[PDB]
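Before any questions on how it binds or moves, here is one chain, the form deposited in one PDB entry, in C-alpha cells.
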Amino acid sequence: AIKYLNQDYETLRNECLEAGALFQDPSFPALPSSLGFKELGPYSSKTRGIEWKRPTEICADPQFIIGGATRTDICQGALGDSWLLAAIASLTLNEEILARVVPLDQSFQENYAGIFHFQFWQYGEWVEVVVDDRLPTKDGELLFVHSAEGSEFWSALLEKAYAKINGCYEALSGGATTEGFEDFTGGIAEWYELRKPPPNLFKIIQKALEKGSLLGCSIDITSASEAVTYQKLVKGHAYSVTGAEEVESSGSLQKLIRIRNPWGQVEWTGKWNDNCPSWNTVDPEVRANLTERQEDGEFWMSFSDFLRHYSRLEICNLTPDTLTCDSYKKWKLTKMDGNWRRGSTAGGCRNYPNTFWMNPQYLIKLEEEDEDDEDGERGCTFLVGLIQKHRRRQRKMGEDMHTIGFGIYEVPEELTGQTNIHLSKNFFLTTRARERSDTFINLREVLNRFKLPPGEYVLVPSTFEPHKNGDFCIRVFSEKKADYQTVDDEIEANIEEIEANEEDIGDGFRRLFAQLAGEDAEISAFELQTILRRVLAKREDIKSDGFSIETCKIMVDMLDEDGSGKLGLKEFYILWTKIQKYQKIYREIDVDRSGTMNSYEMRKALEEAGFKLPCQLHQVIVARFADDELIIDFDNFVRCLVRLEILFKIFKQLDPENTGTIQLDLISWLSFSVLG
C-alpha cells in the first residue's frame, strides 16, 4: 500500500516511547478548520462548544472494538455523510475485507500512543492513512458518528480518516454510497433504477450478497417539500441493503429484504416491519434465526414495497464479473489518468465540436483471442470507468462533482499502423461514436459494460459542458482468456544515437559550424545560449521563458564525449539533430498551436520521443517541469527530455545486461544525481 502524505504508522508508534506522550498530527490539524468553511465554518453560529477529546477523556474504558466490529457500531452523527456511513455498515457484513480497511488488532492497552491507521482505495491505489485519536465532541456524548455502546471508537476514527483524505468533516456532506463502497474495495459499481428492474433483480441481490459484494439504496428527491415519508422512511438518504431471503409465510412464498438506517433508530412502518403480527404467519425454525424485534434502524420489507418506495439501488461487486452471469471470468486492468483544464484540455462532450477535439484521447486494443460469442452477440467484453479525482477537496471553493461521461470511436483502419494517432476536429464531425456512456451524470464515477469487435478504439472522456476544470482517471477492464497475463510493461527508453563521421554529417553543417564557433573553435556553453535565444526570438510559435545557462552547460556535458569544455563538430552536429527532433515532436504534438505542452500533450511527446513511463512518472515530470497552469514551455521541454535521456542513458551501461537494478556508492551517487 502507498503511504498517504508519506507518513508511516510504525515510524510514528516507535517515535513516542522515545519522545514522551500522546501524539498530535502535523498533516491533519485538530484546529477549527479541520471541520468546515461555510455551513460549518470557523464562525457560522453552528460551530461552538465543540472539543477534541480523546477516548481516554470521555470514557473510563476506551476500547477499539467490542462484540466484533459489526454493523450496529455505525450510527450517524450531526453530519450528512449517510452515504459513506451506510457504506461502512454494509462493509462489516464481510469480515475478511473489513480486515483490509480496519487493522482490527489496535488497542489502547498495547504499545499505544494516539496514532491509528486505516487503508482506503483511492483512485486506483491502496492508501494507508494515519490519524490521531482526538475527536469532535460536544457536551458529554460524541458528535460525528458513534457506536452502539459509547466506548467503542473504531467507527468514529475511520470517519475521521475519511475526512482527512477529503480535507475536512463538512466536505463529507452528501454523495453516493458507491463512492464509499469503492473506496473500501476498489470494486465495480453496478446501478439499478428501481422503476425499471431487470427480471431476476431479487435473485441478483441474493447472488450479490452471497458473492460478498456491497449493497445500498435510497429514495430520491424532487425540487420543492419535506423530508420524512409517513411510512417512516428518510428521504434523499443512504440506506444499506443487508439481508436477502425468500421464505414461504403460510400461504405464499415471500420475497423479503433487510435494510439498515444509518441513524440507528427510526425503522419503517405500516407494512412488514418489526412490531408487526405478519410475523405470526411464518415458521419459527428459520424465523428465530433471522428476525429480531428491536429499534436499530434495521428492518425488513416486501420486495414489492421495496420496489415501490426506493428510487435507487447501488451495488458494488469485488470483480468486473456481472451477477446476471453465473460464472467467474479473467480480467486485465488498464489504468490511465488525465486532467481537464480550461484553455487546453477542458473540451466538453461531442455536443460542442468547436472544443470536443481538445479533450485527451486513449487507445483501447480489443484483441482477437479475447472474443467470445456469449450472450448471443459476438465480441470482446470490456468496462470503462471514468472517475473524478479529489473533487471533494475543492468543496471549500464551492465546487463539486462535474457532469461526466465518455464516447468511444473506432480508429479507421489506416491509422492502425501508428503510434502518433490522434483524432482530428473534422474527424469527430464525420463520424458518430461507436459506443458511449449511458448519459452524462454528475456522479463521481460513471462506468458501463461494453462489447465490440476486436480492433483499435479511442476513448474520449469529458464533461458535458466545456471549460470545466478537473482531474480524472480511467479503469479499463478487459475480458481475457487464460493463456496470457501476468505480463507487465515497464519503464523503457529508445535512443537513436547515430551519424558519426563526415559521411553522415553534411557540408552545410560543416560550413555553418565554422561560422558560429568563431575563435575558441569548439562551441562554448555561453555560445550555445546565444544560439538558443536567437531561435527563440525567431520562431513565432514555441513559447519560452528563455534558455538558462545552467541548462546549456548541461547540454554540453552530455555530448562532450571526448571530455573538453565545449562542443566540437560531431559533438555539435549530434546536439543539433537532437534539438531538431525535439522540435519536430513539439510541433507535431502541439495540435492547438499554443506553442506549449499541456499534460496530455507531454505524455504523447514523451512517447513520440521513445520513453515509456507509468502514470506516477508522467505525473512527476508534469509536477516538476510545469508551471501553475500545468503547462511546459519549450525550454523546460528540452531540459526534461535532456535529463531523462541522461538518467536512462546513465542507467543502461551502469547495468548493461538488464538486471533491472543498479548499484552506487555515495560520492559517485552524488556526482550522477547532481551532475555528470
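Just count from 1 along the sequence shown to find any residue number. So that the term is clear: the rigid core is the largest set of C-alpha atoms that superpose within 1.5 Å between two forms.
Although it is not shown, the form deposited in another entry is what the next lines describe.
Compare C-alpha positions between this form and the one not shown after fitting on the rigid core and state which of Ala78, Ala537, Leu333, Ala99 moves by at least 2 angstroms.
-> Residue with a C-alpha shift of 2 Å or more: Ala537.
Threshold 2 Å Cα movement between this form and the one not shown at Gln265, rigid core reference = After core superposition, the C-alpha of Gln265 moves less than 2 Å between this form and the one not shown.
Fitting the rigid core first, would the Cα of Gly565 be found 2 Å or more away between this form and the one not shown?
-> Yes, the C-alpha moves 2 Å or more.
For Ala521, decide whether the Cα shift between this form and the one not shown is 2 Å or greater, given a superposition on the rigid core.
-> Comparing forms between this form and the one not shown, the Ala521 CA shifts at least 2 Å.
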